[PDB]
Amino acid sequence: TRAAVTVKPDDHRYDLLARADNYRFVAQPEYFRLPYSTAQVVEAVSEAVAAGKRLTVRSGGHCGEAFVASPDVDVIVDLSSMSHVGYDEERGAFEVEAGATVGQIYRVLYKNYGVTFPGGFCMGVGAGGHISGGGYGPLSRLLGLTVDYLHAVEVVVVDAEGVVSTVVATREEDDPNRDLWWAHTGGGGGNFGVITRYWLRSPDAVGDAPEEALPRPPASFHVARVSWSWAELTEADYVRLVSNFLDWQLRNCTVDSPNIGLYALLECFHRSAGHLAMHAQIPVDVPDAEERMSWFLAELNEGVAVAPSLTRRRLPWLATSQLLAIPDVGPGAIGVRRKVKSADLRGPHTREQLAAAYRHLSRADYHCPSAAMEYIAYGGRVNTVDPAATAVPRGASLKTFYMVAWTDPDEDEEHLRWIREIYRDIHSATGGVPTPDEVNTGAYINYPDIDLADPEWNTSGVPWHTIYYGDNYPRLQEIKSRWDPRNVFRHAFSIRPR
């Protein structure tokens, strides 16, 4: 193996490595280390540990916050050159190096073996942060979460006397490292050590051919793409439309629903974007698939005056997945400053919550065509899992996501103000945040938001860690204390040892 690359501030590459998906956070370490093998990750961590240096890891660069790129980080280990994806016959599982990106993973697994696993739809997202935090996407209703396929993980860890090792932790019942496995099923990136690779396999796979080791997705899908012109919207129409979407999703979010195969995402962009958009997809092989999609669209439009433009077509799965995917290049990906938020639902928003959203999404005093809240269908196979079995919170029927993206740092204050205000107004009855209760079930650690730990925005009394992990947090602390007892791996929202 070629020796690990070290990139110092005098090297031309440093300024590029300092930048990832969020341009608000530019890293300035003493150096970037790019390793090629697990033994080089060991060496990198042990150097940092010996001299007390603050170390973080980057896989895909998609962190919503400054977890990797904090100005007090001294060393950044970038895993983008460990991206192998292959079947491992000794284990009967697909091996995925942590710097592989989801888009590449889907292509390799599918073309070479005809299988897939249910991760997210954004292309440049790294396996490192995605899987460990409880990755989901469009196939989750049918197949569950990424972590439901996590057979094993290999992790570089640091014990109380500064000794660095590489351990493989599996889900087998007698695995002495089982706890470290469980922590990676929703505990989140940057907490327990450097994940070097994951192994993926269905827990009920038959034999050991790769073609049976993970699920075959359905072969093709009816896809609907719908938009409603903002120029034609009223408050009442907005309220009614989102209510219909929500009501239909809450009736159809269990594995018993004959519509469980229908996945849909409603993007409510701010008015400056020109439209509200939705994409929906259903496997062709579901009984009456095409009629099911028609009933769904007709229900959506009941009692709503604006008529949508609609295109319907049929595509193979992988193409359906790339249609909906977010690009890793182009003006939407590169040089973009961002803020994201998250809130999960097991119940409908109220008419008052939706009128408040409408007030923020129609504001004519703001202009940002990439400002949006999104409602994302969820549930299904996700919620048939015993929730003790993984570290991811379960029970939401629907996720919601808030985002503003812009390019000018001059404008930071007004974009941050806009996203904070809409999210707080929506959650004004619960101290401005989704406190776990009858309607909210929390938030998703892979859409982190540090305003949850800010007394000016979170006036609920409920700490951030409850919001993101609910009842799994204290077990995560204990596993943290066992495996990273010096708190070498940390960030604003890292598991505190206890």
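The numbering used is simple: start at 1 and walk along the sequence shown.
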Q: Higher average CA B factor in the deposited record is what I'm after, so tell me if that's 298-306 or 125-133.
A: 298-306
Q: Read off the CA B-factors in the entry, average them over 419-427 and over 194-202, and name the higher stretch.
A: 419-427
**Q.** Top residue by Cα temperature factor, when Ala277, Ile376, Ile326, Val404 are compared in the entry
**A.** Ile326
Q: Check the PDB entry and point out which of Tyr149, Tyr366, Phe94, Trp248 has the largest C-alpha temperature factor.
A: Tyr366
Q. If you rank every modelled residue in this chain by C-alpha B factor, which third holds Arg496: lowest, middle or highest?
A. middle
Q | Third of the chain, ranked by Cα B-factor, where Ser342 sits | A | lowest
Q: Report the third (lowest, middle or highest) to which the CA temperature factor of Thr441 belongs, ranking only the modelled residues of the same chain.
A: highest
(Q) Lowest, middle or highest third: which one holds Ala48 when the chain's residues are ordered by CA B-factor from the entry? (A) lowest
Q) Should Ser272 be placed in the lowest, middle or highest third of its chain by the C-alpha B factor in the entry? A) middle
